[PDB]
Structures are given as C-alpha cells and as structure tokens.
2 protein chains.
Amino acid sequence: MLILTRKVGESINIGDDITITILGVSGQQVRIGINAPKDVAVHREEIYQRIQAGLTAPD
Amino acid sequence: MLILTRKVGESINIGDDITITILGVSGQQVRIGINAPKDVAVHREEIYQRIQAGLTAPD
RNA sequence: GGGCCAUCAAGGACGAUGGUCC
RNA sequence: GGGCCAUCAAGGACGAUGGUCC
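Residues numbered from 1 in each chain as written, not as in the entry; some residues may be left out. Chains lettered and ligands numbered in written order. Heavy atoms only, no water.

Its PDB header attributes the entry to solution NMR.

Shown next, in the form of structure tokens:
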C-alpha cells in the first residue's frame, strides 16, 4: 500500500484520469475531494461494499 | 467534482480496483494511503505533472 | 469572520447541518 | 502520551525526520 503526506490545499494523482485533494481537516474528521470521471464509480467504504453486493443506488 | 468527509481510520473507494484511506492527521498536515494495483500510476501532484511532461521516474 | 467539537451526506457540490467559544 | 509548526520521501511502507509547547 502506497502512502503520502500532504497539507490542506495539496493534491494526489492516480491512473491518467483520477485526481484527489485534501480540502481541509476538522479534528478527527477530514474533508477531501475527488476528480474522476462519472464513467467510474466513487463511493465511501460504508456504501461501496453495499453497491457491489449485487445492486445499485436507490431512486 | 465529488467531495466526501471522512475520519481517521476509515476509507473511500474508486473504480473496481482502487481504494483510499485516511491513516491520520498531524495539524495542518495529513497522512493518507492509496490501495491501487501497480498496474496504474500513483504519485503526488507535485511530481506526477513532471513525470507526464514526457519522461519517467529516475530509475 | 475565525478557533474547537459532533452528525448527516449511494453525494459527482471545493456537499450540508447542529453544538460550543471569541 | 498529546497539541502546534517545518522538511524529506517519482514513495507502492498503514513511510521517515527536525523544531516548539504541555
């Protein structure tokens, strides 16, 4: 697993079509952004594992 | 652009082969990890833009 | 306007809301 | 053990180091 260290306002990159950003921090909480095409799925771990269970997002 | 909020010890997911984690915080600094295959590139924004300039890693 | 804390957010938005202090 | 600040890390490791305060 690759790891990196950055500060509020910086970014990271993946593949040739994905980019990630650290918009800020709030104690034990964190605020981050993602810049991938809607051609690929993007979800929290608390819900990605329920989507990939054999279903899709609700109405 | 998609934005999420996360906490130290939790994760996010992208595509069907990429996962991201927030290992902790350090004030204005942050510690984060990436769990993608080495079949896709993963670098900091401060260097990815120098790789894709027309060259590759120093080794 | 800012610091601190908590919750929601199948959301594609540099996402939202509540509490506390100045 | 923890808060704050700074640096290295083309790194694939839940990466490293320094300053400051309690």
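Let's pick the thread back up.
(A) Region of interest: the sheet that holds strand β1 (residues 2–7) of chain B. Pairing is antiparallel in the open sheet, where five strands are placed in the order β1(B)-β4(A)-β3(A)-β2(A)-β5(B). The open sheet is flanked by β1 and β5 (42–44) of chain B, the only strands paired with a single partner. Pairwise comparison of adjacent strand axes, ignoring direction, gives a mean angle of 25° for this sheet. Alignment of strand β2 (residues 11–14) of chain A against strand β3 (residues 18–26) of chain A, held across four bridges, turns out to be antiparallel. Residue pairing for β3 of chain A: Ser-11 of chain A is matched across the bridge by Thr-21 of chain A. (Pairing = 2+ DSSP bridges. Helix = DSSP H or I, 4+ residues; strand = E, 2+ residues; numbered from the N terminus. Axes fitted to C-alpha atoms, helices over the stretch in contact; angles between N-to-C directions.)

(B) Local environment of the nonpolar core. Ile-14 and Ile-34 of chain A together with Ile-14 of chain B are the most contacted members of the largest nonpolar core, which has 20 residues in total. For this core, the secondary-structure elements that each account for two or more residues are β2, β3 and β4 (29–35) of chain A together with β2 (11–14), β3 (18–26) and β4 (29–35) of chain B. For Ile-14 of chain A, the residues in contact, after removing those within four places along its chain, are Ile-18, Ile-20, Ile-34, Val-40, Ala-41 and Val-42 of chain B. (Core = buried A, V, L, I, M, F, W, Y, C linked by side-chain atoms within 4.5 Å. Buried < 20%, exposed > 50% of the residue type's maximum accessible area, 1.4 Å probe, protein only. Contact = heavy atoms within 4.5 Å.)

(C) Looking closely at the interface of chain A and chain B. Taken together, the 36 residues of chain A in the interface contact 36 residues of chain B. Where chain A abuts chain B, roughly 3,600 Å² becomes buried across the two surfaces, and 62% of that area is made up of carbon and sulfur atoms. Counting the contacts that link chain A with chain B gives two salt bridges. Among the ionic pairs, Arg-6 of chain A bridges to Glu-46 of chain B, the shortest N-O distance being 2.8 Å. Remark: the boundary between chain A and chain B carries 21 residue pairs in polar contact. Residue assignment for the side of chain A that touches chain B shows that the elements contributing at least two residues are β1 (2–7), β2, β3, β4, β5 (42–44) and α1 (45–51) of chain A. Partitioning the side of chain A that touches chain B into residue classes produces 19 nonpolar, eleven polar and six charged. (Buried area = accessible area lost by both parts, 1.4 Å probe. Salt bridge = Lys/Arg side-chain N within 4 Å of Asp/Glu carboxyl O. Polar contact = N/O pair within 3.5 Å; in protein donor to acceptor, adjacent residues only side chain to side chain. Nonpolar A, V, L, I, M, F, W, Y, C, P; charged D, E, K, R; others polar.)

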